[PDB]
Amino acid sequence: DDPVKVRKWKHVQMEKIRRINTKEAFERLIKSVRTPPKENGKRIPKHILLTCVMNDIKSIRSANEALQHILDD
Amino acid sequence: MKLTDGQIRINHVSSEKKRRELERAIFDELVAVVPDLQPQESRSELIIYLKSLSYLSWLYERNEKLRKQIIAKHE
DNA sequence: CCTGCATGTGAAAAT
DNA sequence: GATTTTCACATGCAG
Numbered sequence: 001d002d003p004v005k006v007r008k009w010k011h012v013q014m015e016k017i018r019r020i021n022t023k024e025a026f027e028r029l030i031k032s033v034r035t036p037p038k039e040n041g042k043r044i045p046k047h048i049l050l051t052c053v054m055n056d057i058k059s060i061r062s063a064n065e066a067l068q069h070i071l072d073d
Numbered sequence: 074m075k076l077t078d079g080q081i082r083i084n085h086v087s088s089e090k091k092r093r094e095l096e097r098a099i100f101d102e103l104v105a106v107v108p109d110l111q112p113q114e115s116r117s118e119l120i121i122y123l124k125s126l127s128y129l130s131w132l133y134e135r136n137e138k139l140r141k142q143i144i145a146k147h148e
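Chains as they are written, first to last, in this note's numbering: chain U, 1 to 73; chain Z, 74 to 148.
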């Protein structure tokens, strides 16, 4: 049996499953974000993609505020 | 001159550390700008990504709603 | 005990 | 080539 080794195994695999679910959430997020075109077919590091997320958020907040002022005129 | 094993190892560690510190700083910016994302969640990547996507969707939805309201105020 | 987050490191991609 | 950077991983540990 060895419940200690089973528990060790379960923790290893469940960390890998947490990484998988995190990656799926990240890919869903990034598919809705204006990302730079892959120049030279080179991968874009996560942190570059995260900057694109922040940019898109700020960019659309602004557009909405500009739209709000137009609606108030 | 060729880097020693010890020099290669710690350059490796510092490169990883700096990138994590870079990512974390962006996590904190996302906590700050995403209403429903809480400082307690500032290191839970899964939740950051899901709540960020939700916020993006709502922001675009709001954008649609406003455009239609302007198109309505002009009849 | 369990889990979620933190760490350095192996391996691979990019420079 | 050698180095840097990045990703994924197995693990330690706080709460």
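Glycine is no exception: its CB is placed at the ideal position from the N, C-alpha and C atoms.
The alpha helix (DSSP H) enclosing residue i, as first and last residue numbers
i	result
residue 17 (chain U)	3-31
residue 68 (chain U)	46-71
residue 79 (chain Z)	78-106
residue 129 (chain Z)	118-146
Span separating the alpha-carbon of residue i from that of residue j
i	j	result
residue 122 (chain Z)	residue 60 (chain U)	17 angstroms
residue 11 (chain U)	residue 73 (chain U)	59 angstroms
residue 67 (chain U)	residue 140 (chain Z)	7 angstroms
residue 133 (chain Z)	residue 53 (chain U)	14 angstroms
residue 16 (chain U)	residue 74 (chain Z)	39 angstroms
residue 58 (chain U)	residue 69 (chain U)	17 angstroms
residue 87 (chain Z)	residue 93 (chain Z)	10 angstroms
residue 130 (chain Z)	residue 124 (chain Z)	10 angstroms
residue 78 (chain Z)	residue 95 (chain Z)	26 angstroms
Contacts around residue i, its chain only, beta-carbon distance under 7 angstroms, and the 5 residues preceding and following it disregarded
i	result
residue 56 (chain U)	33, 34
Rounded distance between the beta-carbons of residue j and residue i, thought under 8 angstroms
i	j	result
residue 126 (chain Z)	residue 49 (chain U)	Contact doesn't hold; Cβ gap of about 13 angstroms is too wide.
residue 118 (chain Z)	residue 104 (chain Z)	No, residue 118 (chain Z) and residue 104 (chain Z) are not in contact; Cβ-Cβ is about 12 angstroms, not under 8 angstroms.
The ligand GTP heavy atom lying under 8 angstroms from the CB of residue i
i	result
residue 106 (chain Z)	In the structure on display, the ligand GTP does not appear, and there are no ligands present to speak of.
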